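**Q**
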Amino acid sequence: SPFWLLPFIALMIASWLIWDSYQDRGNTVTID
Amino acid sequence: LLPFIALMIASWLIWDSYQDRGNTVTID
Amino acid sequence: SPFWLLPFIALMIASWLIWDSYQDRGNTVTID
Amino acid sequence: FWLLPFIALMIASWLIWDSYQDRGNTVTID
Amino acid sequence: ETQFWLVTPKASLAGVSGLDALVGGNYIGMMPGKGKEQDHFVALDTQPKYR
Amino acid sequence: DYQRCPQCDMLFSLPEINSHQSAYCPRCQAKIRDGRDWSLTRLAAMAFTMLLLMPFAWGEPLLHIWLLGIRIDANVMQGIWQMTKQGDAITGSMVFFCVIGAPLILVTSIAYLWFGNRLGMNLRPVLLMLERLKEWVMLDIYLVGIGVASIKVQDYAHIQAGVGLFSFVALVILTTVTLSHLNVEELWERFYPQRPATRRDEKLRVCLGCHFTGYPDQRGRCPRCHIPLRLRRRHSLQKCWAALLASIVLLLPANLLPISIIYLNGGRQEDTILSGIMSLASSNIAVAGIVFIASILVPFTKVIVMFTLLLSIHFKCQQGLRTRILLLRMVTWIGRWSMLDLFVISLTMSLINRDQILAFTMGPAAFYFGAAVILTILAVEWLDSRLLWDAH
Ligand SMILES: [Zn+2]
Ligand SMILES: [Zn+2]
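If you read the protein sequences in the order shown, they are chains B, Y, E, A, L and U.
If you read the first sequence in the deposited numbering, its first letter stands for residue 21, the second for the next number, and so on.
If you read the second sequence in the deposited numbering, its first letter stands for residue 25, the second for the next number, and so on.
If you read the third sequence in the deposited numbering, its first letter stands for residue 21, the second for the next number, and so on.
If you read the fourth sequence in the deposited numbering, its first letter stands for residue 23, the second for the next number, and so on.
If you read the fifth sequence in the deposited numbering, its first letter stands for residue 105, the second for the next number, and so on.
If you read the sixth sequence in the deposited numbering, its first letter stands for residue 27, the second for the next number, and so on.
#1: Could you check whether the Cβ of residue 56 of chain U sits closer than 6 Å to any heavy atom belonging to ligand 1?
#2: Give the interface partners of residue 31 of chain Y over in chain U, defined as CB-CB distance under 8 Å, in chain order.
#3: Could you please go through the chain and list the residues whose beta-carbon is closer than 5 Å to any non-hydrogen atom of ligand 2?
#4: Whole angstroms is fine: what's the gap from residue 232 of chain U's alpha carbon to residue 415 of chain U's?
#5: Residue 21 of chain E CB to nearest chain U CB: under 7 Å?
#6: Go through its chain and collect everything with a Cβ distance to residue 164 of chain U's Cβ below 8 Å, but skip five positions before and after it.
#7: With 16 as the cutoff for other CB atoms within 10 Å, does residue 123 of chain L come out buried or exposed?
#8: Under the rule that 16 or more other beta-carbon atoms within 10 Å means buried, what is residue 332 of chain U, buried or exposed?
#9: Taking 7 Å as the threshold (beta carbon to beta carbon), is residue 275 of chain U in contact with chain E?
#10: DSSP on residue 50 of chain A, reduced to helix/strand/coil?
#11: How would you label residue 370 of chain U, buried or exposed, when you count the other beta carbons within 10 angstroms and need 16 or more for buried?
#12: If you pair each beta-carbon of the stretch 281 to 298 of chain U with each one of the stretch 382 to 399 of chain U, do three or more pairs fall below 8 Å?
#13: Could you tell me how far apart the beta carbons of residue 258 of chain U and residue 413 of chain U are, in whole angstroms, since I believe they sit closer than 8 Å?
#14: Please report the residue range of the alpha helix (DSSP H) in which residue 39 of chain U lies.
#15: Taking only three categories from DSSP, how would you classify residue 33 of chain U?
#16: Using DSSP with H/G/I as helix, E/B as strand and the rest coil, what is residue 23 of chain A?
#17: According to DSSP, what are the bridge partners of residue 90 of chain U?
#18: So, does the stretch 131 to 139 of chain L touch the stretch 205 to 217 of chain U, judging by three or more C-beta pairs under 8 Å?
#19: Can residue 29 of chain U be considered in contact with ligand 1, in the sense that its beta carbon sits closer than 6 Å to one or more heavy atoms?
#20: Just to confirm before moving on: does the CB-CB distance between residue 402 of chain U and residue 262 of chain U stay below 7 Å?
#21: To the nearest angstrom, report how far apart residue 265 of chain U and residue 408 of chain U are at their CA atoms.
#22: Quick one: which unbroken alpha helix (DSSP H) runs of 4-plus residues sit fully inside the stretch 195 to 221 of chain U? Chain order, please.
#23: Ends of the alpha helix (DSSP H) at residue 304 of chain U?
#24: I want to know whether the stretch 309 to 328 of chain U touches the stretch 387 to 394 of chain U - three or more CB-CB distances under 8 Å.
#25: May I have the straight-line CA-CA distance separating residue 249 of chain U from residue 338 of chain U, to the nearest angstrom?
#26: State yes or no: is the C-beta of residue 176 of chain U within less than 7 Å of the C-beta of residue 79 of chain U?
#27: Would you please state the rounded distance, in angstroms, between the beta carbons of residue 58 of chain U and residue 51 of chain U? I believe it to be under 8 Å.
#28: If you follow the alpha helix (DSSP H) that residue 126 of chain L is in, where does it begin and where does it stop?
#29: Does any residue of chain B have a CB that is nearer than 7 Å to the CB of residue 115 of chain U?
#30: Return the chain-ordered list of same chain residues with a C-beta closer than 7 Å to the C-beta of residue 187 of chain U, the five sequence neighbours on each side being excluded.
#31: By Cβ distance below 8 Å, which residues in the same chain neighbour residue 200 of chain U in space, the five residues on each side in sequence not counted?
#32: From this set, U/82, U/297, U/336, which residue's C-alpha is nearest residue 268 of chain U's C-alpha?
#33: What is the DSSP secondary structure of residue 379 of chain U, counted as helix, strand or coil?
#34: When the distance is taken between beta carbons, is residue 299 of chain U closer than 7 Å to residue 281 of chain U?
#35: Would residue 147 of chain U be called buried (16 or more neighbouring beta carbons within 10 Å of its own) or exposed?
#36: Please classify residue 52 of chain A as buried or exposed, where buried requires at least 16 neighbouring CB atoms within 10 angstroms.
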């Protein structure tokens, strides 16, 4: 379907933003 | 319609104002 | 028609929000 | 016509040259 | 056995209390206990020591 | 020579058209054809100079604000990055597509069409995307948004115009004057040549992609573009109903949940759209009026218009046929402006970013508002007036 070309590309860049929101977290530590 | 929505918003604002109109008192 | 699946998921998302609201909303207490 | 793509090209070149002009030196401090 | 009080800054002597309440607005403090059940409480006055 | 109207099924002969001449349907008066205008090389030069001008327009700050003795500079990229760092990746992505992505995709499409001229690669979905992309290029809306925001924060601090504001204005003017002369059927007829008809066939359909009139082939696809050719849309009623219901459902969390949070001296405000517009009406009612009519009047108007149109389609009412088409045209024209609020809040959260005294942040409600706007735009675009014309 040619019409799927327009949204999918946008979704691609959205995943890229999701990739930038996942590499900014290191280790989680609990403090009392 | 835009005028109908504007009139509805104005009526809602008037009702909100009149819900707590109260009594007017003069203080010196 | 996959488009008919578009609102329903959002609907249950709101349902999750409803549960989240029921998690956020608690008990009402009166203090003097 | 083609006057605007030339005037705008000249403006872009001018601002690129201005951006390339104003760069300093990087120094490391402890 | 739950205690509630109103934390509000005041110009006390030999030191001022409620600096955080002064910065961020006066608020309500609570302290739980070991009662049975209650839905109607009476606020206290000076936040008694809890240890 | 002879064509058929794409909105009311009126088969009419098409006379020759000059440069300033224009053609309209004899029945419903809808735009059908044009020609002449500019050439592809001029559009390529415009795309090239836009590509040159864009990075130094987005990168440079728009305006300097002197708040509490601290000078702050902001632009679009900083606001979008702060939106992503906050967590609302979807809102940042949709703002990026609405403001930044569209000129880039336009330039890429023009360059790829030029390289297709040079090489000979397929260009069939590219033309459809180019024809549908003129709606989403909203740069002047962003200019109105930054003007509104500058008026809004004029009282709070001191505002000075930035260096990049002139480049942004030049980019907006260039995009407007380029999109005002971009003709698609001229590209279709130049790249793919066809032939006219015998002026009376009563069997020619209208392609929804390229506005072409001609018989379908044995495969059922349009002779000019590789999509199936049908009399009407496939499931326009069902898709329109689903999108309208989704927009109506998503409207409520957009309006009830808070949209903007203002941490003031350690205390947050957490006010919704209604509280914000009430405060704006109390303070700066002169701009609050246009914000109110361009923020919450348009979505409710579109929703009620689409609902009445669907109920008229079901009811087969033939009383207000002469006005429903005009209402649909006005809704289509006005649905684009609804994105002003997101731009305004993006610029304000990019500008007012004091460490603790003033912290402007976006709440968890702008996502639903943007989703509702996109869904109602798609619902309006998905509907067809030919169902209304055949409802008689
Ligand atoms: Zn017509
Ligand atoms: Zn076609």
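Ideal Cβ placement from N, Cα and C applies to all residues, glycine included.
**A** Quick look at the numbers:
#1: yes
#2: In chain order: nothing, as chain U lies at least about 12 Å away.
#3: U/233, U/235, U/236, U/238, U/248, U/250, U/251
#4: 15 Å
#5: yes
#6: Within its own chain, the residues whose Cβ lies closer than 8 Å to the Cβ of residue 164 of chain U, once the five positions on either side in sequence are excluded, are 124, 125, 128, 362, 365, listed in chain order.
#7: exposed
#8: buried
#9: Chain E, which has a Cβ nearer than 7 Å to the Cβ of residue 275 of chain U, makes this yes.
#10: coil
#11: buried
#12: yes
#13: 7 Å
#14: Where residue 39 of chain U is concerned, there is no enclosing alpha helix (DSSP H), although the beta strand (DSSP E) it sits in stretches over 37 to 39.
#15: coil
#16: coil
#17: U/99, U/186
#18: no
#19: No; taking the cut-off as 6 Å, the Cβ of residue 29 of chain U has no heavy atom of ligand 1 nearer than that.
#20: Remark: C-beta atoms of residue 402 of chain U and residue 262 of chain U do not approach each other more closely than 7 Å.
#21: 7 Å
#22: For the stretch 195 to 221 of chain U, the full-length alpha helix (DSSP H) segments reaching 4 residues or more read 210 to 217 along the chain.
#23: 299 to 321
#24: no
#25: 35 Å
#26: Not closer than 7 Å, so no.
#27: 6 Å
#28: Taken as a continuous stretch (DSSP letters only), the alpha helix (DSSP H) holding residue 126 of chain L covers 123 to 128.
#29: yes
#30: 89
#31: 72, 75, 76, 79
#32: U/336
#33: strand
#34: yes
#35: Answer is exposed; the Cβ neighbour count stays below 16.
#36: Its Cβ having fewer than 16 others within 10 Å, residue 52 of chain A is exposed.
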